[PDB]
$ cat query-v6.csv   # CSV, C-alpha atoms
chain,number,residue,atom,x,y,z
A,26,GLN,CA,-213.2,193.3,104.9
A,27,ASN,CA,-211.8,191.3,102.0
A,28,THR,CA,-214.3,188.5,101.4
A,29,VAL,CA,-215.4,187.7,97.8
A,30,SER,CA,-218.5,189.8,98.4
A,31,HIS,CA,-216.5,192.9,99.6
A,32,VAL,CA,-214.2,192.6,96.6
A,33,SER,CA,-217.1,192.1,94.1
A,34,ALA,CA,-218.8,195.2,95.4
A,35,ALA,CA,-215.5,197.3,95.2
A,36,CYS,CA,-214.8,196.0,91.7
A,37,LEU,CA,-218.3,196.9,90.4
A,38,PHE,CA,-217.8,200.4,91.9
A,39,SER,CA,-214.3,200.9,90.4
A,40,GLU,CA,-215.4,199.7,86.9
A,41,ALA,CA,-218.5,201.9,87.1
A,42,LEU,CA,-216.4,205.0,87.9
A,43,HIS,CA,-213.8,204.3,85.2
A,44,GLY,CA,-216.7,203.8,82.8
A,45,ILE,CA,-218.1,207.3,83.4
A,46,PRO,CA,-215.9,209.1,80.7
A,47,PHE,CA,-217.1,206.6,78.1
A,48,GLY,CA,-220.8,206.8,79.1
A,49,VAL,CA,-220.9,210.5,79.0
A,50,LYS,CA,-219.5,210.6,75.5
A,51,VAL,CA,-222.3,208.4,74.3
A,52,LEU,CA,-224.9,210.6,75.9
A,53,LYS,CA,-223.5,213.8,74.5
A,54,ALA,CA,-223.6,212.2,71.0
A,55,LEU,CA,-227.2,211.1,71.5
A,56,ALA,CA,-228.3,214.6,72.5
A,57,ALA,CA,-226.4,216.2,69.6
A,58,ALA,CA,-228.1,213.8,67.2
A,59,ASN,CA,-231.5,214.7,68.7
A,60,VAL,CA,-230.8,218.4,68.0
A,61,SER,CA,-229.8,217.6,64.4
A,62,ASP,CA,-233.0,215.7,63.9
A,63,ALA,CA,-235.1,218.4,65.6
A,64,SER,CA,-233.7,221.0,63.2
A,65,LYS,CA,-234.4,218.7,60.3
A,66,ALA,CA,-238.0,218.5,61.4
A,67,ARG,CA,-238.3,222.2,61.7
A,68,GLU,CA,-236.9,222.5,58.1
A,69,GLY,CA,-239.6,220.1,57.0
A,70,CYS,CA,-242.2,222.3,58.6
A,71,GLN,CA,-240.8,225.3,56.7
A,72,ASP,CA,-241.2,223.3,53.5
A,73,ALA,CA,-244.7,222.3,54.4
A,74,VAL,CA,-245.6,226.0,55.0
A,75,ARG,CA,-244.2,226.9,51.6
A,76,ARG,CA,-246.2,224.1,49.9
A,77,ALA,CA,-249.4,225.1,51.6
A,78,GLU,CA,-248.9,228.8,50.7
A,79,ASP,CA,-248.5,227.9,47.1
A,80,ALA,CA,-251.6,225.8,47.0
A,81,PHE,CA,-253.4,228.7,48.7
A,82,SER,CA,-252.4,231.0,45.9
A,83,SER,CA,-254.5,228.9,43.5
A,84,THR,CA,-257.3,228.1,45.9
A,85,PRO,CA,-258.7,230.2,48.7
A,86,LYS,CA,-260.3,227.0,50.0
A,87,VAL,CA,-257.0,225.8,51.7
A,88,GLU,CA,-256.8,228.9,53.9
A,89,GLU,CA,-257.1,226.7,57.0
A,90,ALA,CA,-254.4,224.3,55.9
A,91,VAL,CA,-251.9,227.2,55.7
A,92,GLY,CA,-252.9,228.0,59.2
A,93,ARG,CA,-252.3,224.5,60.5
A,94,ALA,CA,-248.9,224.4,58.8
A,95,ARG,CA,-247.9,227.7,60.4
A,96,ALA,CA,-249.0,226.6,63.8
A,97,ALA,CA,-247.1,223.3,63.4
A,98,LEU,CA,-243.9,225.3,62.3
A,99,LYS,CA,-244.2,227.4,65.4
A,100,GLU,CA,-244.4,224.2,67.5
A,101,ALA,CA,-241.4,222.7,65.8
A,102,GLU,CA,-239.4,225.9,66.3
A,103,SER,CA,-240.1,225.8,70.0
A,104,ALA,CA,-239.2,222.1,70.2
A,105,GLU,CA,-236.0,222.7,68.2
A,106,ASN,CA,-235.0,225.4,70.7
A,107,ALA,CA,-235.9,223.2,73.6
A,108,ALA,CA,-233.6,220.5,72.1
A,109,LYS,CA,-230.7,223.0,71.8
A,110,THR,CA,-231.2,224.2,75.4
A,111,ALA,CA,-231.2,220.5,76.5
A,112,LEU,CA,-228.0,219.9,74.6
A,113,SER,CA,-226.4,222.8,76.4
A,114,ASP,CA,-227.5,221.3,79.7
A,115,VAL,CA,-226.1,217.9,78.7
A,116,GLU,CA,-222.8,219.5,77.8
A,117,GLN,CA,-222.5,221.1,81.3
A,118,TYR,CA,-223.4,217.9,83.1
A,119,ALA,CA,-221.3,215.8,80.9
A,120,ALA,CA,-218.3,218.0,81.7
A,121,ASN,CA,-219.1,218.0,85.5
A,122,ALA,CA,-219.7,214.3,86.2
A,123,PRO,CA,-216.3,212.9,84.9
A,124,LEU,CA,-214.4,215.4,87.1
A,125,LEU,CA,-216.2,214.0,90.2
A,126,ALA,CA,-215.9,210.3,89.2
A,127,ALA,CA,-212.1,210.5,88.4
A,128,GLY,CA,-211.5,211.8,91.9
A,129,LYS,CA,-213.2,208.8,93.5
A,130,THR,CA,-211.2,206.0,91.8
A,131,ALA,CA,-208.0,206.1,93.8
A,132,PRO,CA,-209.3,205.0,97.1
A,133,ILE,CA,-211.3,202.1,95.6
A,134,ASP,CA,-208.4,201.0,93.4
A,135,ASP,CA,-206.0,201.1,96.4
A,136,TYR,CA,-208.4,198.8,98.2
A,137,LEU,CA,-208.5,196.4,95.3
A,138,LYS,CA,-204.7,196.4,95.0
A,139,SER,CA,-204.5,195.8,98.8
A,140,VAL,CA,-206.5,192.5,98.3
A,141,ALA,CA,-204.8,191.5,95.1
A,142,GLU,CA,-201.4,191.6,96.8
A,143,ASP,CA,-202.5,190.2,100.2
A,144,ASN,CA,-201.3,186.6,100.7
A,145,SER,CA,-203.8,186.3,103.6
A,146,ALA,CA,-206.8,186.9,101.2
A,147,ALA,CA,-208.9,184.1,99.8
A,148,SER,CA,-208.1,182.9,96.3
A,149,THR,CA,-211.2,184.1,94.5
A,150,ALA,CA,-211.1,187.5,96.3
A,151,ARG,CA,-207.6,188.1,95.0
A,152,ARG,CA,-208.5,186.9,91.6
A,153,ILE,CA,-211.4,189.3,91.3
A,154,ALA,CA,-209.3,192.1,92.7
A,155,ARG,CA,-206.4,191.5,90.4
A,156,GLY,CA,-208.6,191.3,87.2
A,157,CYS,CA,-210.7,194.4,88.0
A,158,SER,CA,-209.5,196.5,85.1
A,159,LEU,CA,-212.4,196.6,82.7
A,160,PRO,CA,-214.3,199.9,82.6
A,161,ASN,CA,-218.1,199.5,82.5
A,162,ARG,CA,-219.0,201.5,79.4
A,163,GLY,CA,-222.6,200.7,80.3
A,164,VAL,CA,-222.5,202.7,83.4
A,165,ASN,CA,-225.6,204.9,84.2
A,166,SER,CA,-227.4,206.2,87.3
A,167,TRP,CA,-228.8,202.7,87.9
A,168,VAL,CA,-225.4,201.1,88.0
A,169,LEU,CA,-224.1,203.9,90.4
A,170,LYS,CA,-227.1,203.2,92.7
A,171,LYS,CA,-226.4,199.5,92.8
A,172,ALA,CA,-222.7,200.2,93.5
A,173,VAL,CA,-223.5,202.2,96.6
A,174,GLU,CA,-226.1,199.6,97.6
A,175,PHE,CA,-223.6,196.7,97.4
A,176,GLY,CA,-221.0,198.7,99.3
A,177,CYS,CA,-223.5,199.3,102.0
A,178,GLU,CA,-224.7,195.7,102.0
A,179,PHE,CA,-221.2,194.3,102.6
A,180,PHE,CA,-219.0,196.8,104.2
A,181,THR,CA,-219.4,198.2,107.7
A,182,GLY,CA,-221.8,201.1,108.4
A,183,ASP,CA,-219.0,203.7,108.8
A,184,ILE,CA,-217.9,202.8,105.3
A,185,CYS,CA,-221.5,202.8,104.0
A,186,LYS,CA,-221.8,206.3,105.4
A,187,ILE,CA,-218.7,207.6,103.7
A,188,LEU,CA,-219.7,205.9,100.5
A,189,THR,CA,-223.3,207.3,100.5
A,190,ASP,CA,-222.5,210.8,101.6
A,191,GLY,CA,-219.5,210.9,99.3
A,192,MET,CA,-221.4,209.7,96.1
A,193,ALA,CA,-224.3,212.0,96.5
A,194,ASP,CA,-222.9,214.8,94.3
A,195,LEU,CA,-221.8,212.6,91.5
A,196,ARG,CA,-225.1,210.7,91.5
A,197,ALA,CA,-227.0,214.0,91.4
A,198,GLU,CA,-224.9,215.3,88.5
A,199,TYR,CA,-225.4,212.0,86.6
A,200,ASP,CA,-229.1,212.2,87.3
A,201,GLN,CA,-229.1,215.8,85.8
A,202,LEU,CA,-227.2,214.5,82.8
A,203,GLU,CA,-229.7,211.7,82.2
A,204,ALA,CA,-232.7,214.1,82.6
A,205,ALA,CA,-231.2,216.5,80.1
A,206,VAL,CA,-230.6,213.8,77.6
A,207,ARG,CA,-234.3,212.8,78.1
A,208,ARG,CA,-235.3,216.4,77.5
A,209,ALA,CA,-233.4,216.5,74.2
A,210,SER,CA,-235.0,213.3,73.1
A,211,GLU,CA,-238.5,214.5,74.0
A,212,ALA,CA,-237.9,217.7,72.1
A,213,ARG,CA,-236.9,215.8,69.0
A,214,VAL,CA,-240.1,213.7,69.2
A,215,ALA,CA,-242.1,216.9,69.6
A,216,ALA,CA,-240.4,218.5,66.6
A,217,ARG,CA,-241.1,215.4,64.5
A,218,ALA,CA,-244.8,215.4,65.7
A,219,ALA,CA,-245.1,219.0,64.5
A,220,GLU,CA,-243.6,218.1,61.2
A,221,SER,CA,-246.1,215.3,60.7
A,222,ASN,CA,-249.0,217.7,61.2
A,223,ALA,CA,-247.3,220.3,59.0
A,224,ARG,CA,-246.9,217.7,56.2
A,225,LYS,CA,-250.4,216.5,56.5
A,226,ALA,CA,-251.6,220.1,56.1
A,227,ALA,CA,-249.5,220.7,53.0
A,228,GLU,CA,-250.8,217.4,51.6
A,229,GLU,CA,-254.4,218.3,52.2
A,230,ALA,CA,-253.9,221.8,50.7
A,231,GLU,CA,-252.3,220.3,47.6
A,232,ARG,CA,-255.1,217.8,47.2
A,233,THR,CA,-257.7,220.5,47.6
A,234,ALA,CA,-256.0,222.8,45.1
A,235,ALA,CA,-255.7,220.1,42.6

$ encode --input "query-v6.csv" --output "structure tokens"
Amino acid sequence: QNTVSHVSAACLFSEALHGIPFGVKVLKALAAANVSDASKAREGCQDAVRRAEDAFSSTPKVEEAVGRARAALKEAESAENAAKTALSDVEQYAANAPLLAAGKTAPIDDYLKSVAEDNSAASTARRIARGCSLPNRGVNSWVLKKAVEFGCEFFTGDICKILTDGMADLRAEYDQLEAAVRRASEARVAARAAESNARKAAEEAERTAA
């Protein structure tokens, strides 16, 4: 089982697994940035509430605007906390997935060396095997799915079974990681949407008081 297609499949899988440590670092940073931005949005809501309160001091006619600002702050506070909870999830899954991936590289890389060093193997098969040392920093759940799919397309069913059964945990953890990252991003968008309403309330209050 050392045709060009077998080796191509194995190489994609190896570079995917070696890429995992790099990918998780990027995701953790995305989620952390999302929290930072969510907190900044909540701070902006706090400012908007202060502004509206001050306008209200001069003008009872902006009472509703203070209310809208306060409600928006409450929403931003909830979104901020949602972002922070999502970051904590990311951190857990980002610690878990690399442990699982690192433990799957040795058998794949042994296979690749076995072709690289096999004088009975076709030229291009050996070339691909020997050059297979570039981690795929773009790895994600989609790449891991394709990796399993290619293995199953080209290797025998017994190997497909071992590959499928054996990758399920990692793929589940990486899925959880991606979902947590999405939750962090959505929370940040929600926080900023609250701040937009808060700011519009403050702006209205100030116009009315003027």

$ atom_distance --input "query-v6.csv" --atom1 "CA of residue 173 (chain A)" --atom2 "CA of residue 30 (chain A)"
13.5 Å

$ residues_around --input "query-v6.csv" --residues "residue 74 (chain A)" --least-positions-apart "4" --cutoff "7 Å" --atoms "only C-alpha atoms" --output "NGL selection string"
:A and (70 or 78 or 91 or 94-95 or 227)

$ residues_around --input "query-v6.csv" --residues "residue 235 (chain A)" --least-positions-apart "3" --cutoff "10 Å" --atoms "only C-alpha atoms" --output "compact mmCIF listing (two decimals) with C-alpha atoms, in the coordinates of the input"
# COMPACT_ATOMS: atom_id res chain seq x y z
CA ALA A 80 -251.60 225.80 47.00
CA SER A 83 -254.50 228.90 43.50
CA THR A 84 -257.30 228.10 45.90
CA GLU A 229 -254.40 218.30 52.20
CA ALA A 230 -253.90 221.80 50.70
CA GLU A 231 -252.30 220.30 47.60
CA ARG A 232 -255.10 217.80 47.20

$ residues_near_point --input "query-v6.csv" --point "(-239.4, 215.0, 68.0)" --cutoff "10 Å" --atoms "only C-alpha atoms" --output "PyMOL selection string"
chain A and resi 59-60+62-67+101+104-105+108+209-221

$ closest_residue --input "query-v6.csv" --among "A:119, A:126, A:97, A:150" --to "residue 26 (chain A)" --atoms "only C-alpha atoms"
A:150

$ decode --input "query-v6.csv" --residues "region 116-155 of chain A" --atoms "N, CA and C atoms" --output "short mmCIF file (atom, residue, chain, number, x, y, z; two decimals), in the first residue's frame"
data_model
loop_
_atom_site.label_atom_id
_atom_site.label_comp_id
_atom_site.auth_asym_id
_atom_site.auth_seq_id
_atom_site.Cartn_x
_atom_site.Cartn_y
_atom_site.Cartn_z
N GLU A 116 -9.51 27.41 26.02
CA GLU A 116 -8.23 27.12 26.64
C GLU A 116 -8.15 25.64 27.00
N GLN A 117 -9.27 25.09 27.42
CA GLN A 117 -9.36 23.68 27.79
C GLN A 117 -9.20 22.85 26.53
N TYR A 118 -9.99 23.15 25.50
CA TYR A 118 -9.90 22.35 24.29
C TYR A 118 -8.58 22.53 23.56
N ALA A 119 -8.01 23.73 23.61
CA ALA A 119 -6.71 23.98 23.01
C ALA A 119 -5.58 23.27 23.74
N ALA A 120 -5.78 22.94 25.02
CA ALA A 120 -4.79 22.12 25.73
C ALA A 120 -4.97 20.64 25.43
N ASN A 121 -6.21 20.21 25.26
CA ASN A 121 -6.54 18.81 25.01
C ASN A 121 -6.12 18.31 23.63
N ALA A 122 -6.55 19.02 22.59
CA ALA A 122 -6.33 18.54 21.23
C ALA A 122 -4.86 18.25 20.87
N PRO A 123 -3.91 19.16 21.21
CA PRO A 123 -2.53 18.82 20.85
C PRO A 123 -2.00 17.55 21.51
N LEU A 124 -2.50 17.20 22.70
CA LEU A 124 -2.02 15.98 23.35
C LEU A 124 -2.38 14.75 22.51
N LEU A 125 -3.62 14.75 22.03
CA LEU A 125 -4.15 13.68 21.20
C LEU A 125 -3.46 13.62 19.85
N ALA A 126 -3.22 14.77 19.24
CA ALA A 126 -2.59 14.79 17.93
C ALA A 126 -1.16 14.28 17.99
N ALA A 127 -0.40 14.78 18.96
CA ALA A 127 1.01 14.40 19.07
C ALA A 127 1.18 12.89 19.17
N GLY A 128 0.19 12.22 19.77
CA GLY A 128 0.26 10.79 19.97
C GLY A 128 -0.15 9.95 18.76
N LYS A 129 -0.52 10.61 17.67
CA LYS A 129 -0.90 9.93 16.45
C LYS A 129 0.12 10.09 15.33
N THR A 130 1.13 10.94 15.52
CA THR A 130 2.10 11.18 14.45
C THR A 130 3.04 10.00 14.20
N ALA A 131 3.50 9.33 15.25
CA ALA A 131 4.54 8.30 15.08
C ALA A 131 4.19 7.18 14.09
N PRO A 132 3.00 6.57 14.21
CA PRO A 132 2.69 5.53 13.19
C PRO A 132 2.63 6.04 11.73
N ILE A 133 2.14 7.26 11.52
CA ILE A 133 2.03 7.81 10.17
C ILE A 133 3.42 8.12 9.65
N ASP A 134 4.23 8.74 10.50
CA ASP A 134 5.58 9.08 10.07
C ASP A 134 6.47 7.84 9.87
N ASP A 135 6.23 6.77 10.63
CA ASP A 135 6.92 5.50 10.38
C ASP A 135 6.56 5.00 8.98
N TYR A 136 5.27 5.02 8.65
CA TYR A 136 4.81 4.59 7.33
C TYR A 136 5.51 5.41 6.26
N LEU A 137 5.56 6.73 6.44
CA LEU A 137 6.18 7.58 5.43
C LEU A 137 7.67 7.25 5.26
N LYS A 138 8.38 7.04 6.37
CA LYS A 138 9.79 6.68 6.29
C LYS A 138 9.95 5.35 5.57
N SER A 139 9.03 4.43 5.85
CA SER A 139 9.05 3.10 5.22
C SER A 139 8.94 3.15 3.71
N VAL A 140 8.28 4.17 3.16
CA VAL A 140 8.20 4.31 1.71
C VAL A 140 9.42 5.06 1.18
N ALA A 141 9.81 6.10 1.90
CA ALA A 141 10.93 6.93 1.50
C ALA A 141 12.16 6.06 1.31
N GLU A 142 12.33 5.09 2.22
CA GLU A 142 13.51 4.26 2.24
C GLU A 142 13.33 2.90 1.55
N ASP A 143 12.23 2.75 0.80
CA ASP A 143 11.95 1.48 0.14
C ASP A 143 12.32 1.58 -1.33
N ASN A 144 13.39 0.86 -1.72
CA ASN A 144 13.87 0.86 -3.10
C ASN A 144 12.91 0.18 -4.08
N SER A 145 11.90 -0.51 -3.56
CA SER A 145 10.88 -1.11 -4.41
C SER A 145 9.72 -0.14 -4.70
N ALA A 146 9.75 1.05 -4.10
CA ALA A 146 8.62 1.96 -4.21
C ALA A 146 8.80 2.86 -5.42
N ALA A 147 7.70 3.28 -6.02
CA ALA A 147 7.74 4.16 -7.18
C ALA A 147 8.39 5.50 -6.87
N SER A 148 9.07 6.06 -7.86
CA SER A 148 9.82 7.31 -7.70
C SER A 148 9.03 8.43 -6.99
N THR A 149 7.82 8.72 -7.47
CA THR A 149 7.07 9.86 -6.95
C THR A 149 6.55 9.58 -5.55
N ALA A 150 6.24 8.32 -5.28
CA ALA A 150 5.82 7.90 -3.94
C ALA A 150 6.92 8.17 -2.92
N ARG A 151 8.14 7.77 -3.26
CA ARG A 151 9.29 8.03 -2.40
C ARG A 151 9.56 9.52 -2.25
N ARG A 152 9.38 10.28 -3.32
CA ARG A 152 9.66 11.70 -3.27
C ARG A 152 8.70 12.42 -2.33
N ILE A 153 7.44 12.08 -2.45
CA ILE A 153 6.42 12.68 -1.60
C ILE A 153 6.69 12.29 -0.16
N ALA A 154 7.01 11.02 0.06
CA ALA A 154 7.25 10.53 1.43
C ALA A 154 8.45 11.23 2.04
N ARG A 155 9.53 11.34 1.28
CA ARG A 155 10.73 11.92 1.85
C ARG A 155 10.61 13.43 2.10
#
